[PDB]
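Chains as they are written, first to last, in the UniProt record's numbering: chain A, 52 to 53, 57 to 65, 77 to 101; chain B, 1 to 61, 76 to 143; chain C, 1 to 52, 56 to 65, 77 to 142; chain D, 1 to 52, 56 to 65, 77 to 101; chain E, 1 to 9, 12 to 32, 50 to 175. Here a beta-carbon is modelled for each residue, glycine too, at the ideal position from N, C-alpha and C. Working notes, structure below.
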């Protein structure tokens with residue numbers, strides 16, 4: 052067993082839709098890399 | 001982002017595989033050549049034991079921290095709900111003890127009033143005659 | 001079996017040695033950093049002072079985890095604490111009605127304590 | 001659910017504050033009266049050290079359990095990427 | 001303060019009477052961040068923030084936009100069908116193992132219901148004796164009171 059800098063997104078209902086979009090994006094970024 | 005010998009920002013972070021602590025390649029190499037040992041734990045260590053250079057390979061240089083952020087905000091939610099509930103139940107004890115003691119103290123009056131009343135007719139009927 | 005902060009069923013329970021009470025690690029680790037003391041007993045406690056399986060059957064219809083389940087969780091958190099804030103406000107108002115009515119009764123008793131014994135005293139004097 | 005000394009379902013569980021483990025009171029009490037120690041780690045423990056609020060809980064079901083679920087999702091999908099990066 | 005509950009066997015009229023006297027004396031006297056702002060606003064307004072109602076509907080022969088939306092449905096359906104495989108593998112064993120945990124959790128509560136029940140009745144039990152002790156002493160006092168009351172008369 053062997057920098058931690060916390061992400062301060064910015065100035077909550079929007080953060081719901083962000084997490085939705087990011088999972089929506091990663092799902093396609095995983096798909097595109099497999100058909101290739 | 002710091003070496004554990006000099007304290008400099010390491011431009012080639014190598015680590016010893018006996019005690020997990022990221023050093024810089026120059027300083028750890030000079031310590032090993034001085035005496036074959038790990039500087040932190042004084043255990044056995046050699047030059048070949050060290051893992052050198054950056055690690056990025058088949059990896060590519076967001077998402078995971080969003081969930082971490084979701085945890086961090088929940089952590090407050092729980093802490094707030096606790097202190098709100100403590101005061102909720104702690105005030106209910108005052109409410110309960112009062113209401114009980116109020117109606118208890120109320121029965122003092124009911125008793126007291128009827129005895130006071132008894133004193134009136136008694137004295138009135140006696141003082142009359 | 002539960003945690004003594006959030007009301008959870010802990011995944012990594014840890015017990016403090018100053019007051020025997022099991023907390024979930026994350027929540028007790030947060031309290032010690034905020035103010036270094038035991039939450040229940042208010043006794044000195046540190047992170048090193050602490051001393052360290057549950058199954059949930061994920062539903063058959065487990077899209078919903080992103081949309082329906084997560085939505086319900088932040089609805090249920092929102093409308094409960096708001097309703098809990100409503101409950102705390104009334105307890106303080108109903109406190110004031112309790113203490114006022116109590117003190118109102120105290121004055122009756124004090125007023126009647128002078129009344130009764132003097133009425134009894136008058137009967138004792140009447141004989142003479 | 002189990003007692004670590006006997007292996008039965010303990011009818012009076014008391015958790016120790018030196019080796020964190022749920023023991024049956026009647027069993028662990030005798031272990032302490034034999035010698036003042038915790039059976040697992042062999043650290044000192046007395047009977048007063050052994051231990052049997057207002058926030059109401061509900062059972063662990065499918077917010078925190080939902081967040082740890084989404085870790086399993088992503089951590090598994092991250093290994094799925096390695097299978098295609100390596101190949 | 002003193003009002004014997006067990007001994008005083012006190013009508014509803016007396017509660018209504020005493021309430022009026024208490025009433026007349028009352029006639030005389032008369050830590051979170053932004054999270055908390057949106058949460059309190061959501062509860063007050065009675066409106067939950069809308070989620071992504073997109074994956075469910077979609078449409079064939081769409082465009083570049085529905086090409087994405089289509090490819091989303093595939094990966095999640097494969098994840099779905101893999102997410103149903105590891106459930107069915109264990110099946111009902113994973114469910115009934117948690118059912119057993121819930122029975123251990125339940126019985127613990129009802130043990131505390133008894134412990135509270137016993138100590139609550141035990142406190143009341145001690146009060147009862149006190150009530151009967153003094154209630155007798157008050158009875159003794161009143162008898163003696165009435166004796167003097169007539170004794171003093173019959174002397175005079």
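- Annotated as distal: residue 23 (chain B) and residue 58 (chain D), with beta-carbon spacing of 8 Å or more.
- By the beta-carbon neighbour count (other beta carbons within 10 angstroms, threshold 16), residue 103 (chain E) is exposed.
- DSSP lists C:37 as the bridge partner or partners of residue 44 (chain C).
- The distance from the Cβ of residue 14 (chain D) to that of residue 64 (chain D) is about 27 Å, inconsistent with a contact at the 8 Å cut-off.
- Going by C-alpha positions, residue 77 (chain D) is about 9 Å away from residue 91 (chain C).
- Contact annotation: the segment 128-138 of chain C does not touch the segment 86-102 of chain E, with fewer than three C-beta pairs closer than 8 Å.
- When rounded, the separation of the alpha-carbon atoms in residue 142 (chain E) and residue 26 (chain E) is 34 Å.
- Under DSSP, the beta-bridge partners assigned to residue 15 (chain C) are C:22 and C:51.
- Residue 111 (chain E) sits in coil when the DSSP states are folded into three classes, being neither helix nor strand.
- Between residue 137 (chain B) and residue 140 (chain C), the C-beta gap is smaller than 8 Å, which places the two residues in contact.
- For the 8 Å CB-CB criterion, residue 43 (chain C) and residue 17 (chain C) do not form a contact.
- Counted as a single uninterrupted DSSP element, the alpha helix (DSSP H) harbouring residue 118 (chain B) occupies residues 78-142.
- Look at residue 80 (chain A): its C-beta is not under 8 Å from any C-beta on chain D.
- For residue 4 (chain D), no alpha helix (DSSP H) encloses it, and the DSSP letter there is neither H nor E.
- The C-alpha of residue 99 (chain A) lies about 31 Å from the C-alpha of residue 79 (chain A).
- Taking each of C:142, C:133 and C:121 in turn and checking the Cα distance to residue 30 (chain E), the smallest one comes out for C:121.
- With a threshold of 8 Å between beta carbons, residue 41 (chain D) makes no contact with chain C.
- At a cut-off of 8 Å between C-beta atoms, residue 127 (chain E) counts as an interface residue with respect to chain C.
- In the DSSP assignment, residue 18 (chain E) falls within the unbroken alpha helix (DSSP H) covering 14-31.
- Counting the other CB atoms within 10 Å of its CB gives residue 115 (chain C) a total of 16 or more, which places it among the buried residues.
- Between residue 118 (chain B) and residue 16 (chain E), the C-beta spacing is not below 8 Å.
- With respect to chain B, the C-beta atom of residue 93 (chain D) has no partner C-beta closer than 8 Å.
- Look at residue 53 (chain A): its C-beta is not under 8 Å from any C-beta on chain E.
- When secondary structure is reduced to three states using DSSP, residue 96 (chain E) falls in the helix class.
- For residue 118 (chain E), the secondary structure class from DSSP, reduced to helix, strand or coil, is helix.
- Taking C-alpha positions only, residue 39 (chain C) is separated from residue 119 (chain E) by approximately 31 Å.
- Judged by DSSP secondary structure, residue 64 (chain E) falls within the alpha helix (DSSP H) whose first and last residues are 53-64.
- Legend: CB atoms of the segment 101-119 of chain E lying less than 7 Å from CB atoms of chain C belong to residues 102, 106, 113, 114, 116 and 117.
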